[PDB]
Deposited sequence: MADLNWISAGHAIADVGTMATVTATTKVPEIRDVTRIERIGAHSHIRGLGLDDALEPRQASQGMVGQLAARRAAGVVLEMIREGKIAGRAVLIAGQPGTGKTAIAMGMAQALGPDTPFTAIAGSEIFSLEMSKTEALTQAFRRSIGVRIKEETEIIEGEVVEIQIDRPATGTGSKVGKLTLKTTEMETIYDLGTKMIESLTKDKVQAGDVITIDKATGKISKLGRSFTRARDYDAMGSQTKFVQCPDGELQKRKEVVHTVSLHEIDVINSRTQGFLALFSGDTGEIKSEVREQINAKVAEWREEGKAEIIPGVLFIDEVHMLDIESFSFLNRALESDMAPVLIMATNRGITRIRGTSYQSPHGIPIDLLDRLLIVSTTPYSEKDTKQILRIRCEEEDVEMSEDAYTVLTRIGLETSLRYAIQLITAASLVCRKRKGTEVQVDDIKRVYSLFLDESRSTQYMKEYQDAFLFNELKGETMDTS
């Protein structure tokens, strides 16, 4: 009906943390990962206090363990007042601007400048980010280049004239700086030059807090041939705080299936929950997530209400997973190109 629908992270209302940042076993759409959600909440109090510039935290761990789910939990826990720029790591490879300029625009999008104006007397509020100020003052009719995105490289001299004016306003009280977050997911997709730009961009006084997520192991960096942990050089890994994410147990995988069967609005039998937890422990968590909705449609075509174990076994025979898919490809490897 609306533009929004049931996505992969639509069940997560936030990190289920109490007053003492201690994580609850199942709260606000999140379950498991107790040291990772507690470290995410300490980073959440660091973002809400706004005092320290340029802090950086890597969320590392295995695929399917919820690195991105912790990041959209902290994204809904901030609210719309604090900016949260969420980019992919492949988005910096632009044809109209350099990777340094694309990372500088992603850095300056996350620093909100709340300007008030008293204008018989009404205080209009124009919250705006530092990137919009640099695009408006970059040229005449530059305010449509936020919209169409056809800004080139903004000059560095222009950015020092905006940073100085904003410092002046802030000391005169006309503006309030609300520093924010920059989530670079799949950061492993950045090259050595962009990682070395991150080595000096995080030392700036106006840098946002930089969260990053990587499922990669001790691999090669994209611009070079050396092997380093997480695909990230040790020169940048000196500047971060790693948050590991543990693989799930049986009861945690089963409780991810009950919070998801609710978001997709499907009523499942308890025997089908045990068989789907056994499927989700044998192969993958995300394969058992996508079996829930297609099992609900097999239950709708038989005109039942409760999803049985036979709907799970029929949809398990209908759609394969990499493991079984790769096996079948072994035979037609001379048929496959």
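- In this chain the deposited sequence has gaps in the coordinates at 1-34, 154-251, 470-481, listed in sequence order.
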